[PDB]
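Scroll down for the structure; my scribbles are underneath it.
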Ligand SMILES: CCCCCCCCCO
Ligand SMILES: CCCCCCCCCO
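Chains as they are written, first to last, in PDB author numbering: chain B, 1 to 219; chain C, 22 to 124; chain C', 22 to 124; chain A, 1 to 106; chain A', 1 to 106. A prime marks a further copy of an entry chain.
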């Protein structure tokens, strides 16, 4: 079971602050340290700081401007990171990781995508992508779903509630006028559709919305 | 069981406790100090033992005030503990020799 | 208070004095020697303790004649002091055992 | 602070060939180097700890070597699932630091 | 004798931007590096001691980092009053030595 649970996203206005959480499960030792790593789009892993919950002591990366404050709650086994007075430079995925006091990060959280912007949250509109009438099919058929007009990132697209993983491409989003848009592609044996159902599940953590969209032949 | 043997045992258990707490506390004190190497528990425990025995290879050592204070406690606990075993051995030999001399 | 306990205490206070004077004097002796690291009081005090306990990590040590002479005094004072505590512990155990033997 | 240099930034290999990633530390760090795999949009995943010790759940074609300042992460017979970014990380001295990462292309 | 290299000799930055001064020691000196600020016709003034420890009276936008041979003095959001020469100085080995200094231009 997931050892470290982090919220998917957080929208923050420039100047404002946010408190990210990291709920841990599994084995817990007094020698455990919870670390936080920052990763900006396209860049590498940058260490932010660490904290030892059993004692409450926290250390921070001295090479970068201090934006975080780490605390921990032993009773709820949760570690927190307060990011304050953010700017677009603080927009990135923030991972929490657990180290058993022996130097390596044995487990990482899924990460929370933080977006620092003035724009407003906007859930995505999900439209189906079924072949046209004159489209000739082969031994395989390609279907998809359009995820348009959302903010901020990200969205998680699955097929048939995750049971359909092979033959799936979810293209990187494209930003235009404070709104993102992407499409996801799925390919299955032409003989299996529409006999066997195909549905895309779109989760947009920033707005707590998860919508489904069944792909049916055009007619 | 005579006193000296009891104190020896107690000294030993206490040393073990000092080693474990010392290892834990050294890491706590040293993390946060750029350049520190006494920062993971396994090697910290080894550092605590070679400190308690005063061998001090120099492969690991504290660079902070509190790490160093923790080191002093470990050193003193080790010296005291082993010194106490020596005193117990002396008492044992003194007793045996007094008997052998018919006193 | 028996002699050995009194001497132990005195040995301890004296060691503390030797450590402080040793730290002060080491700096005085070492500054002026290109390459010397035993040149600031805080780490010199730490150097004095790890020398008195004979741990000798090797993170700091004197390079001059007088710094080394100062080191010898610290070493001897530490060895003597801790050795004296051991002797006091032995006396304590010897006394207790003589009683327990009804002598 | 220990600088970890991962060069080249990108490695291209044909399917099935053995590939090696380089990690050079700015100073000697014994074997306190760990390797992570990060696939597109995924979180980092531990592959090798302490330079050469294997982790359970990780394919056998993954191995690491080296000590001192030079380390290597090797993949015997690379396959599509190996496509990702690879990072080294040191735990010899505070603070822990990460290398810039090398991408594997097939 | 420890040589402290401060390069570049001059740093130009736009108002409000973060700036970083480099100080490289000819050999490892732990964190025994200190930073001073000297304005035109003024005497040197202590900014950071032991590489990263702050001094009272010095603005919070001033911070330092590094250990070993490489050190950095950073100013978060530089302003006019920061215009001056910046020197690093080592106290790890005798004799104490100073770097050549870096000028900050806005
Ligand atoms: C002997 C008491 C040791 C206490 C160690 C505390 C370390 C705190 C570091 O910041
Ligand atoms: C035991 C006497 C030590 C005296 C130290 C004097 C140092 C003088 C250095 O030039």
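All C-beta atoms, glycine included, are put in the ideal place defined by N, C-alpha and C.
Where residue i falls, given that 16 or more other Cβ within 10 Å makes a residue buried
i	result
residue 80 (chain C)	exposed
residue 27 (chain B)	exposed
residue 81 (chain A')	exposed
residue 76 (chain A)	exposed
residue 71 (chain C)	buried
residue 176 (chain B)	exposed
residue 55 (chain B)	exposed
residue 218 (chain B)	exposed
residue 196 (chain B)	exposed
residue 9 (chain A')	exposed
residue 122 (chain C')	exposed
residue 107 (chain C')	buried
residue 140 (chain B)	exposed
residue 27 (chain C')	exposed
residue 23 (chain C')	exposed
residue 230 (chain B)	Not covered by the structure: residue 230 (chain B). The range shown for chain B is 1 to 219.
residue 1 (chain B)	exposed
residue 52 (chain C)	buried
residue 52 (chain B)	buried
residue 120 (chain C')	exposed
residue 189 (chain B)	exposed
residue 92 (chain B)	buried
residue 74 (chain B)	exposed
residue 86 (chain C)	exposed
residue 62 (chain C')	exposed
residue 46 (chain A)	buried
residue 260 (chain B)	The question about residue 260 (chain B) has no answer, for chain B in this structure spans 1 to 219.
Cutoff 7 Å; reference residue i; Cβ partners in own chain excluding five residues on either side
i	result
residue 66 (chain A)	51 and 72
residue 161 (chain B)	201
residue 101 (chain B)	31, 32 and 33
residue 54 (chain A)	48
residue 87 (chain B)	14 and 116
residue 175 (chain A)	Here chain A covers residues 1 to 106 and nothing more, so residue 175 (chain A) does not appear.
residue 62 (chain A')	47, 48 and 75
residue 16 (chain B)	86
Cutoff 6 Å; reference residue i; Cβ partners in own chain excluding five residues on either side
i	result
residue 98 (chain A)	87 and 89
residue 25 (chain C)	109 and 112
residue 43 (chain A')	none
residue 171 (chain B)	182 and 183
residue 213 (chain B)	126, 128, 145 and 200
residue 26 (chain A')	2 and 3
residue 109 (chain B)	4, 6, 22, 95 and 96
residue 98 (chain C)	36 and 39
residue 34 (chain A)	49 and 89
residue 187 (chain B)	140, 142 and 167
residue 65 (chain C')	44, 47, 48 and 59
residue 82 (chain B)	19 and 69
residue 80 (chain B)	19, 21 and 71
residue 169 (chain B)	185
residue 5 (chain A')	24
residue 84 (chain C)	54 and 57
residue 46 (chain B)	38
residue 85 (chain A')	38, 101 and 103
8 Å Cβ shell around residue i - same chain, five flanking residues per side excluded
i	result
residue 29 (chain A)	2, 68, 69, 90, 92 and 93
residue 216 (chain B)	128, 130 and 194
Residues around ligand 1, please: the condition is that the C-beta lies closer than 6 Å to some non-hydrogen atom of it. C:46, C:49, C:50, C:87, C:90, C:91 and C:94
Quick test of the definition: if touching needs 3 or more C-beta pairs under 8 Å, does the stretch 42 to 58 of chain C touch the stretch 38 to 54 of chain C'? no
Would you check if the stretch 144 to 160 of chain B and the stretch 173 to 182 of chain B touch, i.e. whether three or more CB-CB distances between them fall below 8 Å? yes
Is it a yes or a no for the stretch 123 to 138 of chain B touching the stretch 91 to 103 of chain C, going by three-plus beta-carbon pairs under 8 Å? no
For the stretch 36 to 49 of chain B and the stretch 52 to 62 of chain C, state whether three or more C-beta atom pairs, one from each stretch, are separated by less than 8 Å. no
Is the stretch 106 to 123 of chain B in contact with the stretch 9 to 18 of chain B, if contact means three or more CB pairs nearer than 8 Å? yes
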